[PDB]
Every structure is written in structure tokens, then in C-alpha cells.
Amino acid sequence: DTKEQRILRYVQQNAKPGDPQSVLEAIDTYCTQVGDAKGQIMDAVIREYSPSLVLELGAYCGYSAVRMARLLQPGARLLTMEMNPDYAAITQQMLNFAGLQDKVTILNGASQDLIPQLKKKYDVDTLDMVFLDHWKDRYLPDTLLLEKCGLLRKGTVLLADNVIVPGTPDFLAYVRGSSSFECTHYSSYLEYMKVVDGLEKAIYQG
């Protein structure tokens, strides 16, 4: 019936439960018919930095939540902000089925609204990594807002998808220009448009 509802029907009919990999390729076999390419990059970041506390901005149907949760340590948590409650619902389901729901808490609303609440309401000290994948013209404002709430320590890794195609030249000008962020660029490729795109790692310095 709709794109998101039947991604979930597909996953649930074709994937193996508690098998996150299968859940992942269920979504990016269905969708071929941040995929598995921009995926290597995510996997490498998690693998290198082993963050205890990850904030994802934008869970669509659950792909990058599953992707990252998969590789998190027993103790760790992923907070995922999704402003759309129907995607929140689908992300939820996707996680349960992947058996990763113990590691992920789905935060439900606008990023600009939930971020200020992170310390007092969800008991955060500082974030170990932030995956930015929501509204393109929020990357910079939310980065600044994260900084203001002192949600970033030195070493917090930020990872911004779609950086590149379409958007985010301001974000890039700021983090590469600011000396409170050490930046690295990673290239990625978009399937039907045949375009080089990219992600940006920006490691907070203070």
C-alpha cells in the first residue's frame, strides 16, 4: 500500500529475525529492485571509535539504526530522532525484528526540539558520535545547538551524510573552516543518478 509499510512487510516475510545483516540486505535488495556503500563508511567509523552513546538524526525506515546498533557494545545506546511518527513506528518494528531494540531508543519529534532535552530528560553527559541524516538545512543549526547545550566533548565524531547531493555547503564551510572540528571527507555513489556524493566526518576539538 505505501513505500514504508511494504518495506516492512518485505523485511518481515524475507529476512531472518535477530539477523541484522539479513534485515539490512532485505531493505537494500528491495530498494535496489545510506545503502550498503555509504554503509562501509558507517561501519568503519563505529568500528574505529567504538562510541558508547550515539545520536542519530533521522531514522527513516530504520536502515542506519540497524546498521549502527549491530556493531555497538552490550552497554551502548543509540538515541534516534525521527520527527515523523509513522517512520518512528516502522523504525520501531524494524528494530524489534532485528533484535536490536534493547540498544536503541527512538526519540519522537523535531531535532531542534528534542536536543535541548537530552541532558535533563534522557540523562546524557556528552555524545560519543552524531550521525546527521535528516533535513539538510538543519545540519549546521543542530551542530551549533548541540555545541551550545555542551552535548559535544573533544573527540565526539560527527558524520554527515548527503553532503554533496543535494546539500550542506554551509555545514561544510563551517566545520572545515572552524578549528573546533578536524574534518575528513569520504566519497559515496548514488545509484540511479550516477553521482558521486559524500559523507563528512568532523571530529569535535573543543
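All residue numbers are counted from 1 along the displayed sequence. Whichever C-alpha set is largest while still superposing within 1.5 Å between the two forms counts as the rigid core.
Superposing on the core and measuring CA offsets in 5 other deposited structures of this protein, the stretch of 40-48 and 162-170 with the greater mean deviation is 162-170. Between 13-21 and 183-191, greater CA displacement relative to the shown form is found for 183-191 when the structures in 5 other deposited structures of this protein are fitted on the core.
Gap between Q33 and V34: 4 to 9 deposited residues without coordinates. Stretch comparison (127-135 versus 69-77) by mean CA B-factor in the PDB entry places 69-77 on top.
As listed in the deposited structure, the average C-alpha B-factor of 182-190 and of 20-28 is greater for 20-28.
Per the deposited record, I41 carries the highest C-alpha B-factor of all listed residues (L55, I41, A160, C149). Annotation for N108: C-alpha temperature factor in the highest third relative to the rest of the modelled chain, per the entry. Remark: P51 belongs to the lowest third of its chain, ranked by C-alpha B-factor as recorded. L172: CA B factor in the middle third of modelled residues in this chain (values from the PDB entry). The PDB entry assigns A37 a C-alpha temperature factor belonging to the highest third of its chain's modelled residues.
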